[PDB]
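Student: This is my_file-v4.cif, which holds mmCIF, C-alpha atoms:
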```
data_final
#
loop_
_atom_site.group_PDB
_atom_site.id
_atom_site.type_symbol
_atom_site.label_atom_id
_atom_site.label_comp_id
_atom_site.auth_asym_id
_atom_site.auth_seq_id
_atom_site.Cartn_x
_atom_site.Cartn_y
_atom_site.Cartn_z
ATOM 1 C CA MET O 151 0.000 0.000 0.000
ATOM 2 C CA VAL O 152 2.866 2.439 0.643
ATOM 3 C CA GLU O 153 5.814 1.219 -1.444
ATOM 4 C CA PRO O 154 3.831 0.851 -4.720
ATOM 5 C CA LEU O 155 2.211 4.207 -3.883
ATOM 6 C CA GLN O 156 5.477 5.852 -2.786
ATOM 7 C CA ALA O 157 5.911 7.534 -6.175
ATOM 8 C CA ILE O 158 2.459 9.138 -5.887
ATOM 9 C CA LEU O 159 2.045 9.757 -2.137
ATOM 10 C CA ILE O 160 5.143 11.861 -1.489
ATOM 11 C CA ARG O 161 4.719 13.308 -4.978
ATOM 12 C CA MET O 162 1.637 15.156 -3.730
ATOM 13 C CA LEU O 163 2.406 15.311 -0.016
ATOM 14 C CA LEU O 164 5.192 17.679 -1.014
ATOM 15 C CA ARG O 165 2.621 19.448 -3.190
ATOM 16 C CA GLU O 166 0.160 20.146 -0.371
ATOM 17 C CA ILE O 167 2.894 21.217 2.041
ATOM 18 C CA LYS O 168 4.226 23.508 -0.693
ATOM 19 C CA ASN O 169 0.635 24.665 -1.136
ATOM 20 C CA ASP O 170 0.625 25.406 2.587
ATOM 21 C CA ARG O 171 3.850 27.388 2.200
ATOM 22 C CA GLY O 172 2.142 29.446 -0.500
ATOM 23 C CA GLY O 173 -0.402 30.697 2.020
ATOM 24 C CA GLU O 174 -3.493 28.554 1.559
ATOM 25 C CA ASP O 175 -4.526 26.040 4.207
ATOM 26 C CA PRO O 176 -4.830 22.324 3.349
ATOM 27 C CA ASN O 177 -6.450 19.659 5.531
ATOM 28 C CA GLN O 178 -4.292 19.399 8.644
ATOM 29 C CA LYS O 179 -5.735 16.205 10.126
ATOM 30 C CA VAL O 180 -5.459 14.216 6.893
ATOM 31 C CA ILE O 181 -1.857 15.349 6.391
ATOM 32 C CA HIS O 182 -0.718 14.516 9.915
ATOM 33 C CA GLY O 183 -2.371 11.101 9.806
ATOM 34 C CA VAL O 184 -0.553 10.222 6.589
ATOM 35 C CA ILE O 185 2.849 11.379 7.840
ATOM 36 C CA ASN O 186 2.434 9.614 11.186
ATOM 37 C CA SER O 187 1.568 6.429 9.290
ATOM 38 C CA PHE O 188 5.089 6.447 7.851
ATOM 39 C CA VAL O 189 6.536 5.965 11.350
ATOM 40 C CA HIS O 190 3.725 3.828 12.730
ATOM 41 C CA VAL O 191 4.313 1.145 10.097
ATOM 42 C CA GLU O 192 7.692 0.230 11.616
ATOM 43 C CA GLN O 193 6.446 0.241 15.211
ATOM 44 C CA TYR O 194 7.467 -3.429 15.491
ATOM 45 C CA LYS O 195 11.026 -2.856 14.239
ATOM 46 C CA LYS O 196 13.410 -3.183 17.178
ATOM 47 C CA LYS O 197 16.127 -1.164 15.417
ATOM 48 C CA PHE O 198 15.646 1.962 13.273
ATOM 49 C CA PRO O 199 11.884 2.538 13.660
ATOM 50 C CA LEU O 200 12.155 5.832 11.758
ATOM 51 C CA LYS O 201 14.223 4.430 8.876
ATOM 52 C CA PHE O 202 11.194 4.156 6.606
ATOM 53 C CA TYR O 203 10.012 7.631 7.610
ATOM 54 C CA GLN O 204 13.395 9.172 6.811
ATOM 55 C CA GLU O 205 14.088 7.301 3.578
ATOM 56 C CA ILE O 206 10.624 7.622 2.030
ATOM 57 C CA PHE O 207 9.408 10.988 3.331
ATOM 58 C CA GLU O 208 11.925 13.092 5.270
ATOM 59 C CA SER O 209 14.803 12.899 2.791
ATOM 60 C CA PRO O 210 12.529 13.885 -0.138
ATOM 61 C CA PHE O 211 11.048 16.503 2.204
ATOM 62 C CA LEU O 212 14.376 18.112 3.129
ATOM 63 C CA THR O 213 15.394 18.097 -0.531
ATOM 64 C CA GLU O 214 12.061 19.677 -1.457
ATOM 65 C CA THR O 215 12.210 22.263 1.322
ATOM 66 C CA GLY O 216 15.804 22.962 0.306
ATOM 67 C CA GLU O 217 15.134 24.048 -3.259
ATOM 68 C CA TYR O 218 11.999 25.898 -2.175
ATOM 69 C CA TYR O 219 13.555 28.303 0.333
ATOM 70 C CA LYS O 220 16.578 28.808 -1.917
ATOM 71 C CA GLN O 221 13.960 29.739 -4.496
ATOM 72 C CA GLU O 222 12.355 31.861 -1.780
ATOM 73 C CA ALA O 223 15.636 33.403 -0.601
ATOM 74 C CA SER O 224 16.394 34.630 -4.115
ATOM 75 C CA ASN O 225 12.784 35.791 -4.407
ATOM 76 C CA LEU O 226 12.886 38.071 -1.358
ATOM 77 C CA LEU O 227 16.254 39.731 -2.026
ATOM 78 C CA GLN O 228 15.076 41.304 -5.291
ATOM 79 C CA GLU O 229 12.504 43.697 -3.796
ATOM 80 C CA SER O 230 13.571 43.898 -0.148
ATOM 81 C CA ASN O 231 16.545 45.415 1.643
ATOM 82 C CA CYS O 232 18.176 43.867 4.709
ATOM 83 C CA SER O 233 16.041 45.952 7.083
ATOM 84 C CA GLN O 234 12.829 44.200 6.027
ATOM 85 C CA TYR O 235 14.353 40.985 4.666
#
```
How would this structure read if it were set down as structure tokens?

Tutor:
Amino acid sequence: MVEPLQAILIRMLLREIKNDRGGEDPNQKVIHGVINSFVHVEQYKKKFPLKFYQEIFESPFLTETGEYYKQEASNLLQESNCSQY
């Protein structure tokens, strides 16, 4: 259910979080239930219970939030001085 849908779940999870960064408000409860499922799957793993959560979601998330704020950092500097930046 997750691994065959990995290429479509985090493809649009990063879309709705990026939609949240744009200003609009997505469904909070649905989002948090999906993300918490990624760590609750491995609740029986004695070692590395967050390994699935990091490798499937967090690492694509940090990469996505990396090229978004770098896009945002270059967006703010054009029309804002350091006083308001």

Student: Name the residues in contact with residue 153 of chain O at a cut-off of 9 Å, using all atoms listed in the file, excluding same-chain residues fewer than 3 positions from it; report them as a PyMOL selection string.

Tutor: chain O and resi 156-157+206

Student: With distances taken over only C-alpha atoms, which residue among O:164, O:180, O:200, O:185 lies nearest residue 213 of chain O?

Tutor: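 Closest residue, counting only C-alpha atoms: O:164.
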
Student: Rank O:218, O:207, O:188, O:194 by their smallest atom-to-atom distance to residue 171 of chain O, using all atoms listed in the file, and report the top residue only.

Tutor: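 Looking at the shortest contact to residue 171 of chain O, the residue is O:218.
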
Student: With only C-alpha atoms as the basis for distance, which of O:152, O:160, O:168, O:182 is at the shortest distance from residue 209 of chain O?

Tutor: O:160

Student: Starting from the shown file, work through the PyMOL selection byres ((chain O and resi 166) around 12) and note down what comes out as an MDAnalysis selection string.

Tutor: chainID O and resid 159:165 167:178 180:182 211 214

Student: Hey, which of O:155, O:219, O:189, O:227 ends up closest to residue 205 of chain O? Count all atoms listed in the file.

Tutor: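 Between O:155, O:219, O:189, O:227, the residue approaching residue 205 of chain O most closely is O:189.
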
Student: Using only C-alpha atoms, find all polymer residues with an atom at most 7 Å away from the point (8.6, 2.4, 5.6); report them as a count of residues only.

Tutor: 7

Student: Name the closest residue to residue 204 of chain O among the candidates O:151, O:186, O:179, O:229; distances are taken between atoms, counting only C-alpha atoms.

Tutor: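 Answer, going by the shortest atom-to-atom distance: O:186.
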
Student: Just how far from atom CA of residue 154 of chain O is atom CA of residue 216 of chain O, in Å to one decimal?

Tutor: 25.6 Å

Student: For a test of reading the model, state the distance in Å between atom CA of residue 197 of chain O and atom CA of residue 215 of chain O, rounded to one decimal.

Tutor: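 Pair atom CA of residue 197 of chain O / atom CA of residue 215 of chain O returns 27.6 Å.
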
Student: Using Å and a single decimal, report how far atom CA of residue 217 of chain O sits from atom CA of residue 231 of chain O.

Tutor: 22.0 Å

Student: Could you pull segment 158-192 of chain O out of the structure I just pasted and write it to a file containing C-alpha atoms, as a CSV table (one decimal), in the first residue's frame?

Tutor:
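In the end it all went to result-v5.csv:
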```
chain,number,residue,atom,x,y,z
O,158,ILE,CA,2.5,9.1,-5.9
O,159,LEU,CA,2.0,9.8,-2.1
O,160,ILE,CA,5.1,11.9,-1.5
O,161,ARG,CA,4.7,13.3,-5.0
O,162,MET,CA,1.6,15.2,-3.7
O,163,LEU,CA,2.4,15.3,0.0
O,164,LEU,CA,5.2,17.7,-1.0
O,165,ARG,CA,2.6,19.4,-3.2
O,166,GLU,CA,0.2,20.1,-0.4
O,167,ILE,CA,2.9,21.2,2.0
O,168,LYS,CA,4.2,23.5,-0.7
O,169,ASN,CA,0.6,24.7,-1.1
O,170,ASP,CA,0.6,25.4,2.6
O,171,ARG,CA,3.8,27.4,2.2
O,172,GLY,CA,2.1,29.4,-0.5
O,173,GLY,CA,-0.4,30.7,2.0
O,174,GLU,CA,-3.5,28.6,1.6
O,175,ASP,CA,-4.5,26.0,4.2
O,176,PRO,CA,-4.8,22.3,3.3
O,177,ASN,CA,-6.4,19.7,5.5
O,178,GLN,CA,-4.3,19.4,8.6
O,179,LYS,CA,-5.7,16.2,10.1
O,180,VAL,CA,-5.5,14.2,6.9
O,181,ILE,CA,-1.9,15.3,6.4
O,182,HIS,CA,-0.7,14.5,9.9
O,183,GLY,CA,-2.4,11.1,9.8
O,184,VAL,CA,-0.6,10.2,6.6
O,185,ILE,CA,2.8,11.4,7.8
O,186,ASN,CA,2.4,9.6,11.2
O,187,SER,CA,1.6,6.4,9.3
O,188,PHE,CA,5.1,6.4,7.9
O,189,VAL,CA,6.5,6.0,11.3
O,190,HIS,CA,3.7,3.8,12.7
O,191,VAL,CA,4.3,1.1,10.1
O,192,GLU,CA,7.7,0.2,11.6
```
